[PDB]
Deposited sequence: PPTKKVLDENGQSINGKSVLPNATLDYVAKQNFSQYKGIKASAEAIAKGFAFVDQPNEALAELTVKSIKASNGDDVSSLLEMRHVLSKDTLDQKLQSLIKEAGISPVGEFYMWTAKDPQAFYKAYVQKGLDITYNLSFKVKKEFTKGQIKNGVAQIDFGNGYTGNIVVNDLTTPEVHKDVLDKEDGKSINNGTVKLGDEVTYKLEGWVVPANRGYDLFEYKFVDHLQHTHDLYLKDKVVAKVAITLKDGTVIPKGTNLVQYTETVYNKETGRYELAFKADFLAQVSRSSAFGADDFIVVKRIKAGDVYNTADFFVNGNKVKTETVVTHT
């Protein structure tokens, strides 16, 4: 039985874990010949040859073969012929068959030397949920054997903005605000799920404040869920996360950023959820209609909130 794993940056397996739209899926697939060590196959069995099959589902796109190596270190790619088929599998798939069955049998199969295929793919931009699947099979001496299917959920992030009279107050969206008064923008972060196959290096809001009408006073960032770090420390929901963040505000452009420090985010356990809400307090200093939107970035993935309005 041939096998396939899916690996993270650190070379660890993440079969069954969730990933983000910009993931690179790094697959390691094994054509298993170690069980044939010492075999004495007949010549007609040998002449039926050897082939390895990889079948990705509709989620995956741009194949790169990064290497094909035997377990003794040999680069064997020039001994195989790759085909991409599209019409024991029966739809769309990749296949590698040995060009010279005899020589391949002697050098690799009869010696029990497994071949490892390192393949990477991207996710298609129009696959925004469900399961990313990749399966393998192998054909030896004309007999086909399926191996395992590796499965990963694709989670597209999602965020919201509201405008409030103040924190844990009420929405005033499309409402009126007296001149000189304060309002609070709430940016609702995505809860990054437990059972993910990646660590966080970026969790960040960019808010384009309408600086001609709104004066940035201050901000506050709070945990939306209990957060568990790798060493077991639990950070209660509702906790003020300020010292794990950096805020910057350019008064000439209205650009506001709040970002978590990479060193903190690295401490969060892959089996904890993670999320924060950001409250931005502004003072209304001019009459007219005041719009607000934000962008949210999680590990290089960008999404936008809705646009809110208030009137003065």
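K.L.:
Show which contiguous pieces of the deposited sequence have no C-alpha coordinates, counting from residue 1.
P.N.:
Residues lacking C-alpha coordinates: just 88-104.
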